[PDB]
2 protein chains.
Amino acid sequence: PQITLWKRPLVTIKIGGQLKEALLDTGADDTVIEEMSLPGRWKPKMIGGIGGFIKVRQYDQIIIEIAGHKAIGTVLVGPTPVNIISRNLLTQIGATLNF
Amino acid sequence: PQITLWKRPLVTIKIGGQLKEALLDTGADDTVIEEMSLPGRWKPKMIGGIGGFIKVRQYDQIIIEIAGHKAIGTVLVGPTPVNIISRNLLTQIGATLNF
Ligand SMILES: CC(C)CN(C[C@@H](O)[C@H](Cc1ccccc1)NC(=O)O[C@H]1CO[C@H]2OCC[C@H]21)S(=O)(=O)c1ccc(N)cc1
Ligand SMILES: [Cl-]
Ligand code: NA
């Protein structure tokens with residue numbers, strides 16, 4: 001589909017068996033989701049942006065369903081104010097910016 | 001242009017006759033640039049990022065070229081990690097997300 005940017009590009013995704021609203025974010029290197037449990041191993045990481053850094057848990061090889069497409073990637077879990085779908089996952093569904 | 005997301009979607013922008021590097025960011029509502037001098041009066045604004053809130057200077061109706069595309073709108077100046085071209089200006093240059 002073609003998403004205009006008049007409003008925040010929010011989409012519904014399926015991760016860890018639950019539905020969540022997320023923001024499609026070309027300005028993000030890695031996906032960040034609010035606190036939730038995920039299977040497998042993880043390692044601590046610090047990610048920063050406007051306002052500073054937050055500590056998150058990094059899980060690799062996680063399956064995320066987005067717009068019918070099933071993509072696999074890294075997911076950071078921590079105290080983020082908004083769920084963000086980053087380039088790490090956007091590349092897998094072939095998302096591109098056009099103008 | 002059609003920009004893939006395997007690398008950061010960085011472009012060259014021109015503001016105040018100066019060339020700068022900026023990140024095309026669909027996950028941001030307003031455009032934020034690192035400290036620099038802009039004409040006119042500014043208004044206060046607080047924006048919340050991944051690490052919390054910060055105060056910035058809001059300048060309106062600023063002329064800015066983005067990847068060769070002319071735009072005129074609001075530019076926020078503050079301690080951002082990188083210059084970010086957000087939805088307020090992406091909509092002006094006719095940018096959309098596609099997949
Ligand atoms: C600042 C950029 C270099 C990177 N940011 C992504 C960006 O899209 C965020 C994404 C975002 C969105 C909402 C809340 C927090 C973070 N937007 C943002 O800070 O925008 C602010 C300016 O306009 C406003 O509109 C949204 C809040 C304001 S980030 O949230 O810090 C980030 C950093 C690292 C990772 N892995 C994932 C995300
Ligand atoms: Cl102030
Ligand atoms: Na894993």
Side-chain angles (χ1 to χ4, degrees), chain A residues 1-5 7-98, chain B residues 2-11 22-30 32 47-54 79-87 90 95-99:
Chain A
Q2 188 173 74
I3 303 295
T4 58
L5 305 174
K7 311 222 69 178
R8 298 199 177 199
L10 299 173
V11 298
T12 297
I13 68 166
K14 175 93 171 187
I15 176 177
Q18 43 190 110
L19 295 175
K20 289 187 176 295
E21 186 192 73
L23 184 66
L24 299 182
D25 193 356
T26 58
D29 297 338
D30 287 289
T31 302
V32 195
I33 307 291
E34 66 201 325
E35 284 297 347
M36 70 173 289
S37 71
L38 286 182
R41 281 181 166 293
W42 62 271
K43 71 171 76 71
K45 180 185 177 65
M46 288 287 282
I47 60 174
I50 287 181
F53 290 68
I54 60 169
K55 181 182 179 61
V56 296
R57 300 200 306 287
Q58 182 189 313
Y59 295 81
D60 299 307
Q61 304 182 304
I62 299 297
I63 297 173
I64 300 177
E65 192 259 65
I66 179 172
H69 312 68
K70 86 83 191 177
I72 179 161
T74 294
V75 176
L76 306 189
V77 182
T80 175
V82 174
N83 295 321
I84 296 164
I85 297 305
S86 73
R87 296 187 294 101
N88 177 75
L89 196 77
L90 291 176
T91 54
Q92 302 299 285
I93 62 175
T96 60
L97 250 181
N98 301 70
Chain B
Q2 175 161 292
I3 304 177
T4 49
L5 308 164
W6 304 96
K7 318 284 186 303
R8 287 198 197 65
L10 297 170
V11 301
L23 178 69
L24 298 186
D25 192 353
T26 57
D29 301 342
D30 208 300
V32 191
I47 53 173
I50 204 170
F53 285 71
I54 68 169
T80 174
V82 298
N83 301 313
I84 295 152
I85 299 303
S86 315
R87 294 192 299 97
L90 290 176
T96 59
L97 263 178
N98 297 271
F99 61 99

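Any value given below was found using the heavy atoms of this structure, including those in side chains, with hydrogens, waters and symmetry copies removed. Numbers restart at 1 for each chain; the letters A, B, ... are given by sequence-line order, proteins then strands.
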**Q.** Minimal non-hydrogen separation, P9(A) against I3(A), with atom names
**A.** CB-CG2, 3.9 Å
Q) To the nearest 0.5 Å, what is the distance between CG (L97(A)) and CG (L90(A))? A) 9.0 Å
Q.
Please report the interatomic distance CG(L23(A)) to CD1(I13(A)), rounded to the nearest 0.5 Å.
A. 11.0 Å
Q: Would you check if the side chain of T26(A) reaches a backbone N or O of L24(B) as a donor-acceptor pair within less than 3.5 Å?
A: yes
Q. By side chain to side chain contact (heavy atoms under 4.5 Å, CB included), which residues pair with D29(A), not counting sequence neighbours?
A. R87(A), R8(B)
Q: Kindly compute the distance separating CD1 (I62(A)) from OG1 (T74(A)), expressed to the nearest 0.5 Å.
A: 8.5 Å
(Q) Could you measure the distance from the CD1 atom of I93(A) to the CD1 atom of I66(A)? Nearest 0.5 Å is fine. (A) 4.5 Å
Could you go through residues 33-50 of chain A and list every donor-acceptor pair under 3.5 Å that involves a side-chain atom there, pairing it with any protein atom two or more places apart or in another chain?
from   : atom 1 : to     : atom 2 : distance (Å)
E34(A) : OE2    : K20(A) : NZ     : 3.0
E34(A) : OE2    : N83(A) : ND2    : 3.0
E35(A) : OE1    : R57(A) : NH1    : 2.9

Q | Distance, nearest 0.5 Å, that separates OG1 of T4(A) from NZ of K7(A) | A | 10.5 Å
Q: Return yes if some donor-acceptor pair links the side-chain N/O of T31(A) with the main-chain N/O of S86(A) below 3.5 Å, else return no.
A: yes
Q) Should we say atom CD of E65(A) is surrounded by more than 12 heavy atoms from elsewhere, each under 6.0 Å from it? A) yes
Q) Closest heavy-atom contact between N98(A) and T96(A)? A) OD1-OG1, 2.8 Å
(Q) How long is the straight-line distance from CG of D30(B) back to CG of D25(B), given to the nearest 0.5 Å? (A) 11.0 Å
Q: List the atom of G51(B), the atom of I54(A), and the distance in Å for their closest heavy-atom pair.
A: CA-CG2, 4.2 Å
